[PDB]
2 protein chains.
Amino acid sequence: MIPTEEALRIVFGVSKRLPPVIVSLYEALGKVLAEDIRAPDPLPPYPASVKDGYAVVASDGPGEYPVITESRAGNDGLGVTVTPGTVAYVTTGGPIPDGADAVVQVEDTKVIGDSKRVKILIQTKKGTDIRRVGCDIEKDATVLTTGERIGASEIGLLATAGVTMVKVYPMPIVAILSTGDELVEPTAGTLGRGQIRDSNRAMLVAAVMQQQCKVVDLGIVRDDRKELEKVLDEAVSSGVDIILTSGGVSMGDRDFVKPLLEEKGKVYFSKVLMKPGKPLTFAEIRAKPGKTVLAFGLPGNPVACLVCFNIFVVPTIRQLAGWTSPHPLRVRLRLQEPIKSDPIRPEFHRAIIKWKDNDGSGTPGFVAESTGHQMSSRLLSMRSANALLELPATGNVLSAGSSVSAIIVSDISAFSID
Amino acid sequence: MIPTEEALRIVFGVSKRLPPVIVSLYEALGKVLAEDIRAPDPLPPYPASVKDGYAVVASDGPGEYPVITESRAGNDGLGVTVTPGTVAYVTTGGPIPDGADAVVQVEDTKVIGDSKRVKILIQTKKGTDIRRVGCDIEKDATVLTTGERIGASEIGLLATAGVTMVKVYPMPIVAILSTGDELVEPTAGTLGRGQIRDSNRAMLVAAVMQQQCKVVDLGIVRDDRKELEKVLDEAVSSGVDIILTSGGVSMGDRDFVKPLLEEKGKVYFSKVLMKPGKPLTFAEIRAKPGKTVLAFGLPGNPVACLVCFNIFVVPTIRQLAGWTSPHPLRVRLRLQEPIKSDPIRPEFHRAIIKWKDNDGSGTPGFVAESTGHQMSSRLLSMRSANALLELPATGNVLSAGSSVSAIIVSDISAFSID
Ligand SMILES: Nc1ncnc2c1ncn2[C@@H]1O[C@H](COP(=O)(O)O)[C@@H](O)[C@H]1O
Ligand SMILES: Nc1ncnc2c1ncn2[C@@H]1O[C@H](COP(=O)(O)O)[C@@H](O)[C@H]1O
Ligand code: MOO
Ligand code: MOO
Ligand SMILES: [Mg+2]
Ligand SMILES: [Mg+2]
């Protein structure tokens with residue numbers, strides 16, 4: 001039985017970034033760049049007005065001048081030179097005509113007469129309200145680098161640079177199955193004796209969908225060694241990168257996941273020192289030519305299943321997808337209520353955390369409430385939980401107001417405020 | 001010109017939650033529940049073993065006993081009664097046979113002889129390692145409530161309860177267009193004089209895709225009043241809930257977005273006291289029978305466009321989609337470098353924030369680095385920015401180590417660690 005820190009080190013050392021692919025612009029969203037992106041031309045590519053107003057020769061100063069052209073876009077004012085004693089109308093983003101060296105915003109001007117004459121009311125300075133060529137982005141500047149995750153602003157930079165086919169690291173494809181003679185589909189109505197609905201599979205499909213991976217749903221598998229071997233062989237040869245099973249990893253006489261993974265590939269561990277649970281099998285299997293497939297034999301208890309997904313599977317998905325920082329966000333927070341820690345196993349205690357202007361100590365900070373009873377069979381303990389408090393194995397009661405480390409497991413930008 | 005707090009109050013007061021719809025299980029992921037969910041049966045629905053081992057009569061105590069049945073699932077052991085002086089083999093999740101009142105885990109037992117006899121090595125207590133009927137979830141208990149956002153554990157609870165068609169609030173459908181005679185498609189190679197690639201549209205499409213809304217891409221629209229009126233009329237009658245335009249809201253003689261929104265609907269504001277920018281038009285339009293459509297005339301400057309999306313459009317999407325807490329997460333943090341605040345406009349200064357074990361004050365906390373020059377034309381200032389620092393309008397230099405409020409704009413659970 002190994003500590004969680006070692007189990008994750010093992011997973012990190014085995015997990016390899018996937019080969020890069022070329023995708024379209026909107027397919028690149030959420031993916032990690034596998035190439036640097038250089039601007040092919042400057043931004044702006046022409047001297048551009050910051051304001052609606054008039055392009056002037058700054059040394060002319062306040063006075064009445066004829067408006068010799070109008071410049072908003074394209075070839076407007078092409079061939080026209082703004083000479084001393086003349087001005088040109090410009091709109092925001094409009095090309096500055098040759099000869100003009102400053103822009104006077106329309107608020108500092110007045111149109112004179114019934115054609116084309118304007119009164120400049122101020123003394124401007126050379127370069128005022130003009131964006132010189134390349135001031136926002138220089139031609140050939142690197143605007144995005146390999147290993148950078150693509151968000152909305154990064155899509156905007158790719159579009160600025162005219163890139164519509166992008167080299168990225170792909171997301172892994174994940175196969176998911178449930179195991180158990182006691183399971184029935186979640187469409188079941190009245191349950192027969194000794195039956196429960198399969199909840200782990202839909203929960204894991206949803207968890208994987210939140211990680212933006214393609215899912216291969218392999219359904220329910222019974223506690224029969226030959227049947228599970230056939231489904232695992234089919235999953236391995238299908239092209240997936242990760243296989244997630246749940247259940248079939250306890251001490252029962254029909255628990256075949258661990259021995260089948262030991263037969264098909266290399267099992268790095270099968271027991272982890274943590275609460276909730278203990279069994280968690282991690283294996284590397286080679287598909288027949290070929291490629292490597294990672295397998296997690298997740299615990300069957302719903303809580304243990306999702307906690308193991310959050311702690312071990314999420315960073316594996318991120319590493320395969322090329323993230324340079326796959327670790328989850330860890331923060332420090334104060335407990336809103338007392339919590340008893342376990343005397344042997346460090347606990348991943350589910351909590352609902354929020355940021356408060358006063359965390360109890362008179363300074364702003366995160367605070368946490370427990371989701372209640374932490375039994376691994378109680379999926380209600382995961383309900384609304386956006387963090388796992390890392391409780392060391394001391395057996396002591398951590399009083400309300402004490403500080404603990406916590407792993408943030410759900411959208412920190414989707415946190416409900418205090 | 002109104003303060004941002006008032007502009008958001010106006011948007012909140014006008015924005016209405018969309019009518020609920022019925023979706024399939026996986027379509028419910030990320031959506032807000034529009035009905036409570038009650039468990040139709042208990043979990044477990046039968047007394048279930050916590051361990052692999054033997055179901056016993058606790059008062060029998062240590063001794064050698066015949067194994068009278070094996071119970072793993074379904075009807076295993078149906079009609080069999082465990083009487084004093086007998087035991088039954090059980091696996092985790094297996095139904096406890098009638099008469100047994102405790103489970104002795106296999107580690108506390110030994111199989112005797114070459115048929116079916118076991119030595120119980122301990123004195124157990126009644127109820128040990130048994131999950132009574134309903135201990136995880138009681139029949140008719142409310143497992144999820146209206147207004148709760150559906151994550152992976154909530155999908156798991158829906159599956160537990162046998163719900164595969166769910167009543168939720170839908171996401172709004174968003175139409176997006178760009179405006180400008182200077183724009184060309186982002187597929188353009190060599191740019192002609194006075195042309196830039198349209199970057200706002202792809203950036204906004206990506207931003208809306210991150211909010212999980214369907215996008216209607218209406219393309220580039222020129223600075224022609226009749227053309228923009230036709231596209232806005234077509235967008236309004238198409239069925240969308242929100243229309244996002246960018247550009248065409250400055251002081252130029254061909255900026256038609258504000259007057260067209262004033263003609264088609266009710267403009268609540270067109271100018272906001274904030275840095276970056278100033279113009280931002282918000283309007284409510286009635287589609288011909290019917291329904292309401294919200295329109296944001298976003299600023300054309302790329303930075304101002306995305307900042308206005310993050311501050312005003314994201315909470316509007318969330319309110320329409322039924323979120324009870326649409327406001328973004330705000331935290332308090334320390335500056336890693338000095339920043340000059342503006343003397344008139346409160347600034348939404350872009351930053352890259354991270355959690356540190358020491359934030360500079362000797363206690364853990366968030367810290368922020370500026371993305372550099374904050375000019376609104378400089379989309380590189382949004383690159384990697386996961387927060388907007390809220391700098392009040394004091395004109396003073398905020399030194400490194402000083403505390404400021406910050407809006408978190410990107411996945412807090414996807415934050416790269418220190
Ligand atoms: N797919 C599933 N959905 C809900 N509960 C499960 C699932 N698989 C296993 N379990 C339960 O988790 C516990 C451990 O299962 P196992 O790991 O197969 O021994 C037992 O109570 C099982 O009934
Ligand atoms: N879709 C767009 N992509 C990139 N820049 C834009 C876009 N629309 C407007 N701009 C620029 O933003 C500034 C303000 O534009 P406008 O709001 O139309 O006056 C000008 O420099 C425009 O060229
Ligand atoms: O895996 Mo546990 O024994 O419910 O903490
Ligand atoms: O909208 Mo600004 O004038 O670049 O701070
Ligand atoms: Mg099982
Ligand atoms: Mg324009």
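Throughout, a chain's letter reflects where its sequence line sits, starting with A, and its residues are numbered from 1. Just so you know, these numbers use all the heavy atoms, side chains as well, and skip hydrogens, waters and symmetry mates.
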Between A/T292 and A/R286, does any side-chain donor sit less than 3.5 Å from a side-chain acceptor?
-> yes
Item to check | Polar side-chain atom of B/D108 near backbone of B/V104 as donor-acceptor pair, under 3.5 Å | outcome: no
- prompt: Charged N to carboxylate O under 4.0 angstrom, A/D224 versus A/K230?
  reply: no
The single option from B/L29, B/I150, B/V21 that satisfies side chain to side chain contact (heavy atoms under 4.5 Å, CB included) with B/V166 is B/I150
Practice item. Would you sort out whether A/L388 and A/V409 count as a side chain to side chain contact (heavy atoms under 4.5 Å, CB included), showing the intermediate values? Key: CA-CA 7 Å; A/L388 296 173; A/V409 297; 4.0 Å; yes
So CG of A/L183 and CD1 of A/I220: to nearest 0.5 Å the spacing works out to 5.0 Å
- Side-chain contact test, heavy atoms from C-beta onward, threshold under 4.5 Å: evaluate it for B/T324 versus A/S416 and give yes or no. no
Closest non-hydrogen atoms of A/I317 and A/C213, given as atom of the first, atom of the second and distance, are CG2-SG, 3.4 Å
- Message: For A/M251, I'd like to know if atom CE has over 12 heavy atoms of other residues, nucleotides or ligands within 6.0 Å.
- Response: no
A/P276 and A/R350 have their tightest heavy-atom pair at CD-NH1, 3.7 Å
Report task. Run the numbers on A/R197 and A/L191 for side chain to side chain contact (heavy atoms under 4.5 Å, CB included), then give the verdict. Result -> CA-CA 8 Å; A/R197 293 185 189 83; A/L191 299 170; 3.9 Å; yes
Worksheet item: So do the side chains of A/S199 and A/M203 get within less than 4.5 Å of each other, counting heavy atoms only?
Response: no
Does the A/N386 side chain pair with the main chain of A/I353, one donor and one acceptor, at a distance under 3.5 Å? yes
| said: Checking A/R193 against B/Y46 for the side chain to side chain contact (heavy atoms under 4.5 Å, CB included) test, could you report, in this order, the C-alpha distance in whole Å, the side-chain angles of both residues, the deciding distance, and whether it holds? | reply: CA-CA 7 Å; A/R193 182 181 183 278; B/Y46 55 87; 5.5 Å; no
Shortest non-hydrogen pair, A/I196 vs B/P45, comes out as CG2-CD, 3.7 Å
dist B/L33:CG -> B/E154:CD (nearest 0.5 Å) comes out at 8.5 Å
Taking every heavy atom of A/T179 against every heavy atom of A/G247, the minimum-distance pair comes out as OG1-C, 3.1 Å
Where does the angle between the aromatic ring planes of A/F366 and A/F415 fall among parallel (under 30°), tilted (30 to 60°) and perpendicular (over 60°)? perpendicular
Between B/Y26 and A/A202, the two heavy atoms sitting closest are OH-CA, 3.3 Å
Quiz item: Backbone N or O of A/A321 within a donor-acceptor pair of the A/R17 side chain at under 3.5 Å?
Solution: no
Residue set satisfying side chain to side chain contact (heavy atoms under 4.5 Å, CB included) with A/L389, at least two apart, ordered chain then number -> A/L333, A/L335, A/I339, A/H349, A/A351, A/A368, A/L391, A/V404, A/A406
| Can you tell me if A/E390 uses its side chain to pair, donor with acceptor, with the backbone of A/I407 under 3.5 Å? | no
Item to complete: Check whether any side-chain heavy atom of A/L379 lies under 4.5 Å from a side-chain heavy atom of B/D136, and answer yes or no.
Response: no
Note: B/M171 and B/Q211 closest approach over all heavy atoms is CE-O, 3.4 Å
(message) Is there a side chain to side chain contact (heavy atoms under 4.5 Å, CB included) between A/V249 and A/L298? Walk through the geometry before answering.
(response) CA-CA 7 Å; A/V249 289; A/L298 300 168; over 6 Å; no
inquiry  = Applying side-chain hydrogen bond (donor to acceptor under 3.5 Å, both in side chains) to B/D36 and B/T146, what does each step give before you reach the verdict?
reply    = CA-CA 5 Å; B/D36 288 357; B/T146 311; 3.1 Å; yes
Task: Donor-acceptor contact present, side-chain A/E284 to main-chain A/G265, <3.5 Å - done: no
- Is the side chain of A/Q195 donor-acceptor paired with the backbone N or O of A/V184 at a distance under 3.5 Å, no angle test? no
| message | Surrounding NZ of A/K264 (heavy atoms of other residues, nucleotides or ligands, distance under 6.0 Å), is the total greater than 12? | response | yes
Q. Is B/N75 reaching over with its side chain to a backbone N or O of B/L78, donor-acceptor style, under 3.5 angstrom?
A. no
* Asked: Are A/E185 and A/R201 within salt-bridge range, i.e. N to O under 4.0 Å?
  -> yes
Worksheet item: If we ignore angles and hydrogens, is there a donor and acceptor under 3.5 Å between the side chains of B/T164 and A/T187?
Response: no
Legend entry - Side-chain donor/acceptor of A/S381 to backbone N/O of A/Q374, under 3.5 Å: no
| query | Is the shortest heavy-atom distance from the side chain of A/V11 to the side chain of A/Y268 under 4.5 Å? | reply | no
So CG of B/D140 and CG of B/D41: to nearest 0.5 Å the spacing works out to 9.5 Å
So OG of A/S376 and CG of A/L306: to nearest 0.5 Å the spacing works out to 12.5 Å
task: Verify the distance criterion only: is there a donor paired with an acceptor across the side chains of A/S178 and A/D198 at less than 3.5 Å?
output: yes
Item to complete: Determine whether A/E229 and A/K226 make a side-chain contact, defined as any pair of heavy atoms from C-beta on separated by less than 4.5 Å.
Response: yes
Value for OG (A/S377) from CZ (B/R131), rounded to nearest 0.5 Å, stands at 4.5 Å
* Under 4.0 Å between a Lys/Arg side-chain N and an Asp/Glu carboxylate O for A/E263 and A/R225? -> yes
Here the gap from A/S270 atom OG to A/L280 atom CG, rounded to the nearest 0.5 Å, amounts to 9.0 Å
Let's go through B/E138 and A/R378 carefully: what are the C-alpha distance in whole Å and the side-chain angles of both, what is the deciding distance for salt bridge (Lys or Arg N to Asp or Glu O under 4.0 Å) to 0.1 Å, and is it a yes or a no? CA-CA 11 Å; B/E138 297 284 351; A/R378 187 190 178 249; over 6 Å; no
Output side-chain donor-acceptor pairs under 3.5 Å for residues 238-245 of chain A, partner residues at least two apart or in another chain, one line each.
| residue | atom | partner | partner atom | Å |
| --- | --- | --- | --- | --- |
| A/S238 | OG | A/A235 | O | 2.7 |
| A/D241 | OD1 | A/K291 | NZ | 2.8 |
| A/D241 | OD2 | A/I173 | N | 2.9 |

> Does the side chain of A/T4 come within less than 4.5 Å of A/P346's, by heavy atoms?
Replying inline: no
With B/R72 as partner, the option from A/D181, A/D255, A/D253 fulfilling salt bridge (charged side-chain N to carboxylate O under 4.0 Å, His left out) is A/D253
Please tell me if the side chains of B/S410 and A/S413 come closer than 4.5 Å, counting only heavy atoms from C-beta onward.
no
I'd like to know if the side chain of B/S71 reaches the main chain of B/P95, judged simply by a donor and an acceptor atom lying under 3.5 Å from each other, with no hydrogens or angles considered. yes
ask   = Do B/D52 and B/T92 have side-chain atoms, one donor and one acceptor, less than 3.5 Å apart?
value = yes
- prompt: Quick one: does A/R149's side chain get under 4.5 Å of A/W323's, heavy atoms only?
  reply: yes
Please check: side-chain N/O of A/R222 versus main-chain N/O of A/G180, any donor-acceptor pairing under 3.5 Å?
yes
Decide, yes or no, whether a salt bridge links A/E262 with A/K258 under the criterion of side-chain N to carboxylate O below 4.0 Å.
no
